[PDB]
Amino acid sequence: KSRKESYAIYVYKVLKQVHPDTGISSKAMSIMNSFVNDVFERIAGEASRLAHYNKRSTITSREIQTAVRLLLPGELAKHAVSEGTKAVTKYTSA
Amino acid sequence: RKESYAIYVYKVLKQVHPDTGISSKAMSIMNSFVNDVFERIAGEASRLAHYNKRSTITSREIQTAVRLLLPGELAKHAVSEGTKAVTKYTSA
Amino acid sequence: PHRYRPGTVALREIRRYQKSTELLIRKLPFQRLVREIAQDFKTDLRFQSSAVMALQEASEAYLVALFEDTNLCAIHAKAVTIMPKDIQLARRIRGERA
Amino acid sequence: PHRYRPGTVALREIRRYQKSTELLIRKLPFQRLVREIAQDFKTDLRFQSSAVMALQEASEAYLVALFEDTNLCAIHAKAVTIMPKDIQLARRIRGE
Amino acid sequence: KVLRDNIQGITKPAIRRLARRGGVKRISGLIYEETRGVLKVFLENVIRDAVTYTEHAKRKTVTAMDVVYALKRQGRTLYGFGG
Amino acid sequence: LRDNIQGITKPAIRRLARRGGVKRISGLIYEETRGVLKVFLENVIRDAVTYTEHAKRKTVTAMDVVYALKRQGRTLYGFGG
Amino acid sequence: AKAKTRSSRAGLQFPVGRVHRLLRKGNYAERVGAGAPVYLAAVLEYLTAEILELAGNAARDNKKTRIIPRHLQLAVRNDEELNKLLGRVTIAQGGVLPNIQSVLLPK
Amino acid sequence: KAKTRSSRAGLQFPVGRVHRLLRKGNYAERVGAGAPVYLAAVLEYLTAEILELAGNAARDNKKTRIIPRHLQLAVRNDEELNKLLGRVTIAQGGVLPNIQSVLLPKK
DNA sequence: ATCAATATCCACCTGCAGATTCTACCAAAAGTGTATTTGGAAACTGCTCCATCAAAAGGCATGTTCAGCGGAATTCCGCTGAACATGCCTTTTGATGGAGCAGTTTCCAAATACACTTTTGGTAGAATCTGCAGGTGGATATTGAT
DNA sequence: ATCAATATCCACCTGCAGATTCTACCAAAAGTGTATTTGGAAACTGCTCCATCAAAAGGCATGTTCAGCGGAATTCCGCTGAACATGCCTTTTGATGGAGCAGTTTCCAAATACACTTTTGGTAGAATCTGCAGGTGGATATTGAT
């Protein structure tokens, strides 16, 4: 038939770095998928508005950052920004 | 240069109440109202199209959008004016 | 004859149901209601098993939270019994009535 | 020396204020509060006068709606006087 | 004349169980018909939006995605069935 | 700039309760209301100012406040927003 | 020859061209069919007509000729559907509907 | 020699995918090179945060496989995640144990 | 305090539904190299409007007295919901045709893309106009003491 | 029920700020008119998975009794609404200098646009593994009566 993408394999890989001996049921994996799609939409959507308000054609990490600052609660935001900045820096230095 | 629906709001105002005016603060609110409904419908349309793996927004998505967004009677009349306008537009 | 005083068994049920996660409305009855309500919007419809499931999940979660707020309004009234008045006041402040 | 009973003037005020639409918080005082809160967030910020007005129009409409819910909560307690326990229940149910 | 109207299928015992989960200890008799009313209004709002999604896709089967999307519009986002 | 929360004077909170349909007010309502307003304003100004900065501006605009209110579900009509 | 605007072709007062343009620039999809803007301009025109119809009445009822914000507020709050469509919207300088709970009245 | 952008950014999440999803999502005409890296880093981090807490919840119940109840207990017992998911229902999650004190038997 | 009826725990057990490891085929990704295009920052700067100081005056905030009345504590009566055992009618579960959700393929109406030509909605600056705010006053409630 | 002290309704009326009203410029819009690309409706069909039916399964409806709680009534102390005196700080009217936003132009780092090669995540089917849900047992905490 066709294909049905899901974040499952990635969710699973991260589960291992955190709890190498812990598992996760199917229904739970579905919640995590729902969770990842949900945050994605919220962050992208916000980034989208930011660009439009400022009459910009491009969504740069700058927009993803401000979106994060606007959507995530304090500490969560603090770290979220941190991880994001690190990933770009590293990606560049390569 | 900054556009607004002021003149159209004004024309429409003149059809329903030929002898009534509108203060600017009230026009400002009317401009807000129109821009608000506009984003709400288009956005509703935008998602609608995506959920269905369609890359085009047509009079048909706008119509479902209108049905999901407006309450009962208002939709009934909105859908009418909308169908009516497209049919009339298509014959010219 | 052994008899539990009023409230002792209820309190037992609150402890039990807050620990579990199973749905509490019987499925078939729920399914019938869902389909009925649907029938007024469009005839001859079919429902994926998982769609009915999603609706029950959403409905129950919704009612369980409305009951929480209702208890709070009853307690505000200095009662320990939820009444129509209390569900009414909570839905109103939730903006569901206004 | 003529004296209206307690509550008569309060009812007079409700009818008066529910009839008009002017802002009820003094303007200058409200602006300093805005600048104070904003400042403790980021320094050297400037404000378009309409920006302070929009914050004020929103703030007053928010508090007025809050007082209606509070008022409902107090009456639900068989009272006619709003108290903190009432404001708190209205916000707890609102999801605040 | 049979044995049950559909909304009456949501029963006292079940409604009680819900309340229990919500921490309610004592329930007034009138609450039961009151709860059914609220449930009915809640389902009408959601099923209507979901079905509007079904028609738009020219289908005759309501899918979990149609409910999940209606739920999200009504601000009642549900995780577990796509989301 | 220090203690402006007291600019929201007892009289002004009373007028607001009135429009709100309130007939009798307890003495402790005034400090509670100031608290409520402070959080409300904190959240709106926080988002508004985030918009200012993302646009590398030093001036908070009406639009900044209007987009902030829409983020929080308190859509306001009348100032461009 | 003659060049008729898309709005007149649809029988509309609202600007079909503008709406079409706004649709594309707002990035809602890759493509925007010709009917979309016609239909949207129409729904937008119908909604502003209904609210002006009602605000104009509140004006008249208050003995005024010019609609102000309070007139828009009264029309919206007094209309069940417009009240819901705008259930989470604040109309600046709109005030509130007069309303006093019964237990607060005397006698 | 072909290395994935995810490895370059040093992330477990599909950077190539997030990019694809941003473009198709019609969020903007263009999408910068680093935005997908960043957005995937944020997605990954939040994913770790919830599994980290849910894992613990699994351990507290003497269980090794995370289920919905474990995700619900993680989210609602955490002030911040609870706020982020304030209008979200986790299927089959139940609620936190809680009984208003006045409903308890008088000791 | 003294049992006595039950509910709740805990340590151990084992079968199976759901989790897992495994190979393979593969279209759809995702990465890579090249060519062309452009969004938007650095740079210069015109021009709106924001902060600010000045001054006058009255609207309105503050502080007080005084007593009416309401929050809330306490007592209480009947009414009504919790508990419970009693008896079966409805829900749940596992099994079977076929109705539609889809994958695939085709082909045209309709949507980009691009070049001109043409109508027009803003607006910079005017001068003229009109609805109503706010002051005045006197006719009409609405309140509260007696 | 009558009466005095206030507040309120309200139509008439004049000053002014805010609204309607051109005159002229116009570049950004919108429209007309070939040429090129293609999205997705439409027709056909294959394989799920959904509606339905039988039967093994496990809740729910029903009447009795009584204890406890909703809410009516009573009471009192203190606190909150009126009314009032005093004066200050908001508000209103202006002018001023400048920071900072927003228009315009030049130009390059980054992004789009194929085209080609490699890789990888989702699917299908087959086989073996395993975390835990109930089910037992016996100990013990809980509850309610005496």
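In order, the residues displayed for chain E correspond to 21-103 in Swiss-Prot numbering, which applies throughout.
Placement of Cβ uses the backbone N, Cα and C atoms for every residue, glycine included.
In sequence order, the list of same-chain residues 6 or more apart from E:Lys21 (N6-methyllysine) whose Cβ falls under 8 Å from its Cβ is empty. According to its DSSP assignment, E:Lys21 (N6-methyllysine) is coil. For E:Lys21, the entry in Swiss-Prot reads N6-methyllysine, with the evidence type similarity to another entry.
The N6,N6,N6-trimethyllysine feature in Swiss-Prot is assigned to E:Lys21.
For E:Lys32, the entry in Swiss-Prot reads UFM1 cross-link, with the evidence type similarity to another entry. Under 8 Å, Cβ to Cβ, and six or more positions away along its own chain, E:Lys32 (UFM1 cross-link) finds E:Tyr52. Following the DSSP three-state reduction, the secondary structure of E:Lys32 (UFM1 cross-link) is helix.
Swiss-Prot lists E:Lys32 (among others) with the feature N6-butyryllysine, giving similarity to another entry as the kind of evidence.
As annotated by Swiss-Prot, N6-propionyllysine applies to E:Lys32 (among others), with the evidence given as similarity to another entry.
As annotated by Swiss-Prot, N6-acetyllysine applies to E:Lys32 (among others), with the evidence given as similarity to another entry.
For the recorded site, E:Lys45 (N6-butyryllysine), the DSSP three-state label reads coil. The Cβ of E:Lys45 (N6-butyryllysine) has 22 other Cβ atoms within 10 Å, all protein chains considered. What Swiss-Prot records for E:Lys45 (among others) is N6-butyryllysine.
As annotated by Swiss-Prot, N6-propionyllysine applies to E:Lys45 (among others), with the evidence given as similarity to another entry.
Annotation for E:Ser48 (phosphoserine): no spatial neighbours, criterion Cβ-Cβ under 8 Å with sequence separation of six or more. If you look up Swiss-Prot, you'll see E:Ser48 marked as phosphoserine.
The Cβ of E:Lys60 (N6-acetyllysine) has E:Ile27 as same-chain neighbours under 8 Å, each 6 or more residues away in sequence. In the three-state DSSP scheme, E:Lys60 (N6-acetyllysine) falls into the helix class. As annotated by Swiss-Prot, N6-acetyllysine applies to E:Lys60 (among others).
Look at Swiss-Prot and you will find E:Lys78 (among others) tagged as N6-butyryllysine. When Cβ atoms from all protein chains are considered, those within 10 Å of E:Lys78 (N6-butyryllysine) total 7, not counting its own.
The DSSP secondary structure for E:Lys78 (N6-butyryllysine) is coil. The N6-propionyllysine annotation in Swiss-Prot covers E:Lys78 (among others).
Feature annotation from Swiss-Prot assigns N6-butyryllysine to E:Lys80 (among others); the stated evidence is similarity to another entry. Taking Cβ-Cβ distances under 8 Å and a sequence separation of 6 or more, the neighbours of E:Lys80 (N6-butyryllysine) in its chain are E:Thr74.
The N6-propionyllysine annotation in Swiss-Prot covers E:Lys80 (among others).
Under the heading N6-acetyllysine, Swiss-Prot lists E:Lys80 (among others).
Taken from Swiss-Prot, the feature ubiquitin cross-link covers E:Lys92, and the record attributes it to similarity to another entry. Neighbour list (E:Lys92 (ubiquitin cross-link), Cβ cut-off 8 Å, at least 6 residues apart, same chain): E:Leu98, E:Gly103.
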Between E:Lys45 (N6-butyryllysine) and E:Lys78 (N6-butyryllysine), find the distance joining the two CA atoms and give it rounded to the nearest Å. 47
